[PDB]
Amino acid sequence: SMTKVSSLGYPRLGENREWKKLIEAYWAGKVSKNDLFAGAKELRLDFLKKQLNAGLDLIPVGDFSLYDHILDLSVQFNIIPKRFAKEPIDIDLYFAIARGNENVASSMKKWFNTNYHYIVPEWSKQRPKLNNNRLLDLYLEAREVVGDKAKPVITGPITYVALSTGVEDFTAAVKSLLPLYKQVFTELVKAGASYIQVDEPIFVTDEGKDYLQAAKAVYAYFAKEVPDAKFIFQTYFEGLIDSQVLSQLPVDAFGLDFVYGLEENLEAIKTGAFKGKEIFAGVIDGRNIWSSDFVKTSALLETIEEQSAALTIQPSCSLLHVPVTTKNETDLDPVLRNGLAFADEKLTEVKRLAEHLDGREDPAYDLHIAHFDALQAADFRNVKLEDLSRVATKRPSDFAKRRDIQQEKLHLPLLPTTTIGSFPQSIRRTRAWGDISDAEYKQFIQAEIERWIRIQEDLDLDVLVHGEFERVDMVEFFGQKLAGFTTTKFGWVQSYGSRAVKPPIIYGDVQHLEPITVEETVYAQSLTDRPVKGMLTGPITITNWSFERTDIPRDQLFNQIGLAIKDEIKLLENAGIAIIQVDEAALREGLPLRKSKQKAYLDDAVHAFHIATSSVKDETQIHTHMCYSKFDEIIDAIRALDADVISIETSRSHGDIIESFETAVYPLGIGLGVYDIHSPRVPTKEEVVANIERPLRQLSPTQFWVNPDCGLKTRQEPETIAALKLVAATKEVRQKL
Ligand SMILES: [Zn+2]
Numbered sequence: 000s001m002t003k004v005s006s007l008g009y010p011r012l013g014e015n016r017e018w019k020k021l022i023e024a025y026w027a028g029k030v031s032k033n034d035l036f037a038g039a040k041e042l043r044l045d046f047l048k049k050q051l052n053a054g055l056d057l058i059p060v061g062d063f064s065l066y067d068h069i070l071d072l073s074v075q076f077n078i079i080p081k082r083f084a085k086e087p088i089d090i091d092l093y094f095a096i097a098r099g100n102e103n104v105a106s107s108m109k110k111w112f113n114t115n116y117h118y119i120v121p122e123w124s125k126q127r128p129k130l131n132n133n134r135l136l137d138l139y140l141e142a143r144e145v146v147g148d149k150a151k152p153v154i155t156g157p158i159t160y161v162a163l164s165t166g167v168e169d170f171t172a173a174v175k176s177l178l179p180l181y182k183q184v185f186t187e188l189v190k191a192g193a194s195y196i197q198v199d200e201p202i203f204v205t206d207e208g209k210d211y212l213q214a215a216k217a218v219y220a221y222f223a224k225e226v227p228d229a230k231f232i233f234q235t236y237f238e239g240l241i242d243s244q245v246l247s248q249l250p251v252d253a254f255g256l257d258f259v260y261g262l263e264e265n266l267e268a269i270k271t272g273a274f275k276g277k278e279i280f281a282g283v284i285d286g287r288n289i290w291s292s293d294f295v296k297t298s299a300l301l302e303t304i305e306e307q308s309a310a311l312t313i314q315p316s317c318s319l320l321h322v323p324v325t326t327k328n329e330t331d332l333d334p335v336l337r338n339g340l341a342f343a344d345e346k347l348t349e350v351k352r353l354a355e356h357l358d359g360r361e362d363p364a365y366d367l368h369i370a371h372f373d374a375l376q377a378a379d380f381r382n383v384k385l386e387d388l389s390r391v392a393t394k395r396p397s398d399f400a401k402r403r404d405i406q407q408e409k410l411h412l413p414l415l416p417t418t419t420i421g422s423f424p425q426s429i430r431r432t433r435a436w439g440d441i442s443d444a445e446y447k448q449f450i451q452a453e454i455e456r457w458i459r460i461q462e463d464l465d466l467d468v469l470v471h472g473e474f475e476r477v478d479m480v481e482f483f484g485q486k487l488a489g490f491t492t493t494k495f496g497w498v499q500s501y502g503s504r505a506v507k508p509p510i511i512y513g514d515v516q517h518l519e520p521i522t523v524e525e526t527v528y529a530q531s532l533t534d535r536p537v538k539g540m541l542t543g544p545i546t547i548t549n550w551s552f553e554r555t556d557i558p559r560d561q562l563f564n565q566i567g568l569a570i571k572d573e574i575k576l577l578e579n580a581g582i583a584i585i586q587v588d589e590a591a592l593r594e595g596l597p598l599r600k601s602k603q604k605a606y607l608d609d610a611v612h613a614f615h616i617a618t619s620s621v622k623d624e625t626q627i628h629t630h631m632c633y634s635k636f637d638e639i640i641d642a643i644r645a646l647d648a649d650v651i652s653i654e655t656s657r658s659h660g661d662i663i664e665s666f667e668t669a670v671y672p673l674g675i676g677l678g679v680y681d682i683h684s685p686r687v688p689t690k691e692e693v694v695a696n697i698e699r700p701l702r703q704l705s706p707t708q709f710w711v712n713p714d715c716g717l718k719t720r721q722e723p724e725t726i727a728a729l730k732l733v734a735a736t737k738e739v740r741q742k743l
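Residue numbers for the sequence shown, in the entry's author numbering: 0 to 100, 102 to 426, 429 to 433, 435 to 436, 439 to 730, 732 to 743.
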């Protein structure tokens with residue numbers, strides 16, 4: 000009949016990141032409060048109009064923020080860090096919590113498994129109370145533009161509390177918030193609201209299973225206290241846990257993710273559990289950038305419609321997690337661009353899906369399938385790659401046998417010193436080549454490489470790196486020369502505060518075509534007698550940082566990339582580079598939300614790592630760096646990698662992170678990060694030696710390397726040089743044998 004379409008949220012950035020410019024200009028004291036709010040109002044009415052014109056029946060209002068949607072609630076609900084208690088509650092206090100001012105900023109955490117970061121609330125003695133009418137104002141504003149189509153959105157109490165810190169008693173904290181939400185909801189209804197989106201994504205997670213009863217209590221409360229509201233129990237990022245129980249919640253509608261929770265939610269509904277309820281079906285991928293598979297999606301929608309009292313079509317999650325629009329991506333090949341969909345294009349998609357379901361005829365529907373079909377048939381999605389059956393997935397010799405061979409070639413001292421690869425980048431001004442001969446740019450880079458070689462040689466580091474001055478991003482630097490990769494001109498996505506990323510797109514089969522890092526590495530090696538490490542990026546980081554294809558399985562993509570890394574590695578080795586390092590920084594973000602699904606992921610990663618590194622000679626030393634804190638869960642996978650040396654970050658834990666390696670009696674090489682690289686502070690000589698010796702408690706000294714926690718690209722040069730000089735701390739422990 001008449002199928003509604005909606006959306007959970009929308010980006011704040013604006014087509015050209017004007018949002019970013021506005022607020023960064025405000026912090027710099029370059030924008031008055033008046034222009035700040037007016038600027039933000041312009042953006043909001045703009046976004047509301049786009050969504051209106053797209054045909055949405057329920058338009059999300061409330062998710063727009065000047066920094067973070069969790070921070071919004073903290074300030075609105077009076078959950079203000081103790082240290083900020085005496086400050087007037089206004090926009091300046093708001094940004095002080097987000098950024099610090102006397103007082104440090106609140107901490108941020110990853111928003112579930114996305115690349116977005118929220119601001120962690122800090123609970124204490126102060127009682128919750130409504131400090132403003134943030135959401136009501138936004139609602140009434142929206143009404144003037146879109147009318148009864150305005151749908152207020154907000155993060156629910158249960159998720160909010162679970163995402164917080166300092167909470168002593170979970171249920172008491174939740175309960176204290178109920179009256180606030182009640183008034184908020186009551187006012188909204190009085191102002192004309194009917195449907196209200198209430199985000200409880202905590203109920204797609206393992207931790208969620210602890211809060212099933214709270215959910216029943218909390219939402220029985222709302223149904224009783226605000227009977228006229230049509231609540232949408234909104235979830236996303238995975239399937240609904242304990243669907244059979246949660247489906248009994250006294251709400252008018254459930255928001256289910258059929259993109260990242262397809263199997264679980266599809267079986268949840270096949271049960272007929274939602275037959276008497278309305279389903280908000282998240283059928284459009286809200287955190288990837290591919291035009292929908294219409295045949296697949298529409299078929300799924302029919303199945304959902306038959307198993308519900310009512311259906312509203314929307315994306316799987318807020319459009320916050322994708323770029324704004326493809327309309328100005330003019331560098332793209334038409335067949336690709338026509339098969340791409342960013343936020344704005346998804347609004348159009350959701351509308352067309354609803355009209356097809358209602359039996360309306362639209363030429364755009366089949367045309368969309370035509371463009372989709374053209375993409376799948378593109379030559380770049382049909383590249384003939386290397387036959388994997390002829391690729392080594394294990395090295396000819398075991399760790400033991402390789403260690404001697406490598407030791408006999410390298411003759412490295414006990415507790416060798418080295419760095420993770422990157423040095424401070426002063429030049430970004432030079433990189435303006439704008440226009441400037443490639444020869445000048447290269448001469449410039451090579452000059453800076455030689456300079457840090459001498460530095461390293463004077464610090465007396467045992468294994469040198471070139472500095473990666475030529476690299477602005479550890480992922481895009483590789484995708485630039487790999488087939489199947491592309492970059493966008495304007496595809497920015499907010500990560501935290503005013504910071505945003507422009508992820509590369511993996512649109513076709515990945516294939517190594519030309520040397521990517523060889524020139525710089527070889528040149529560094531030609532300047533010193535000391536071993537120079539090669540630095541590459543692994544499949545985990547590459548796929549996690551990029552927008553990957555969804556038309557092939559994770560493992561297939563991973564293996565493709567592995568082959569590419571193998572090919573690069575072969576070039577490096579042929580050119581005489583004897584120590585090669587594979588960098589992985591996104592394991593924390595790449596690891597699936599559900600524990601039960603994490604092994605298959607790690608398995609895939611381990612295999613792709615073997616594909617990449619098993620074709621080197623036994624004398625070639627393979628290192629891998631992994632940005633990670635907790636190793637207790639994945640130590641099996643790590644041993645499985647069979648890396649000659651894995652460099653880990655221990656400084657923050659004073660080496661206690663070695664624990665998991667101790668219990669597992671890890672036999673392979675380990676690099677000990679003994680200095681926090683994210684702090685401008687220069688560690689003490691005693692602070693470092695103690696950090697090195699802790700891991701020497703049980704495991705043999707012959708297994709360890711000494712190095713900073715991570716790359717030094719973020720740090721300044723002076724503190725870096727001093728911090729590295732450290733080598734003395736290493737030389738000290740070596741002295742006392
Ligand atoms: Zn790291």
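Idealized CB from N, CA, C, for every residue including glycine.
Following the continuous alpha helix (DSSP H) through residue i, name the residue where it begins and the one where it ends.
i	result
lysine 209	Careful: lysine 209 lies outside any alpha helix (DSSP H) and carries neither H nor E.
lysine 270	262-270
Quick check on DSSP: helix, strand or coil for residue i?
i	result
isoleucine 450	helix
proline 688	coil
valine 679	coil
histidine 471	coil
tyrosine 9	coil
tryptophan 26	helix
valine 226	coil
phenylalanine 233	strand
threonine 114	coil
Measuring alpha carbon to alpha carbon, tell me which residue in the options is nearest residue i.
i	options	result
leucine 385	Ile653, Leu138, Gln603, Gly489	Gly489
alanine 591	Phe274, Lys151, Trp550	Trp550
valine 324	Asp45, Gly61, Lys604	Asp45
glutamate 475	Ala162, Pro713, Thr522, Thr348	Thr522
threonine 2	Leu311, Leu562, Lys604, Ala569	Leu311
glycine 496	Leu262, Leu320, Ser64, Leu136	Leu320
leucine 414	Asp257, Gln406, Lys20, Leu743	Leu743
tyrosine 512	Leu562, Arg535, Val498, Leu469	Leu562
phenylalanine 399	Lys85, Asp647, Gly99, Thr719	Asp647
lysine 409	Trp710, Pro536, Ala728	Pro536
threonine 186	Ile429, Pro227, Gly276	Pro227
Note the first and the last residue of the continuous beta strand (DSSP E) segment covering residue i.
i	result
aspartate 387	Element bounds for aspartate 387: n/a, residue is neither H nor E.
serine 652	650-654
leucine 256	253-257
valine 198	195-199
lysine 109	108-110
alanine 150	150-155
Cβ atoms of residue j and residue i: under 8 angstroms apart, would you say?
i	j	result
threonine 171	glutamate 200	no
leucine 7	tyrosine 236	yes
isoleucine 582	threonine 546	no
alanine 669	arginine 644	yes
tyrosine 221	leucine 188	no
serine 106	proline 80	yes
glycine 678	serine 656	yes
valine 245	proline 157	no
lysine 718	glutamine 461	no
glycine 567	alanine 613	yes
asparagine 131	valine 74	yes
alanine 617	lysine 690	no
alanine 150	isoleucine 196	no
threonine 542	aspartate 588	yes
Comparing the CB of residue i with every heavy atom of ligand 3, is any distance shorter than 7 angstroms?
i	result
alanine 590	Ligands in the displayed structure: ligand 1; ligand 3 is not one of them.
**Report entry** Length-filtered (4 minimum) alpha helix (DSSP H) runs lying within the segment 490-568
**Finding:** 523-530, 544-550
Query - Uninterrupted beta strand (DSSP E) stretches inside the segment 592-659 (no shorter than 3 residues) - result: 626-631, 650-654
Query raised in the report: Which runs of the beta strand (DSSP E), 3 residues or longer, sit entirely within the segment 265-316?
Result: List check, beta strand (DSSP E) in window: 278-284, 310-315.
Query raised in the report: Residue ranges of each alpha helix (DSSP H) run of no fewer than 4 residues wholly in the segment 360-424, ordered along the chain?
Result: 363-376, 399-410
Query raised in the report: Hey, which unbroken runs of the beta strand (DSSP E) at 3 residues or more fall wholly within the segment 37-62?
Result: 58-60
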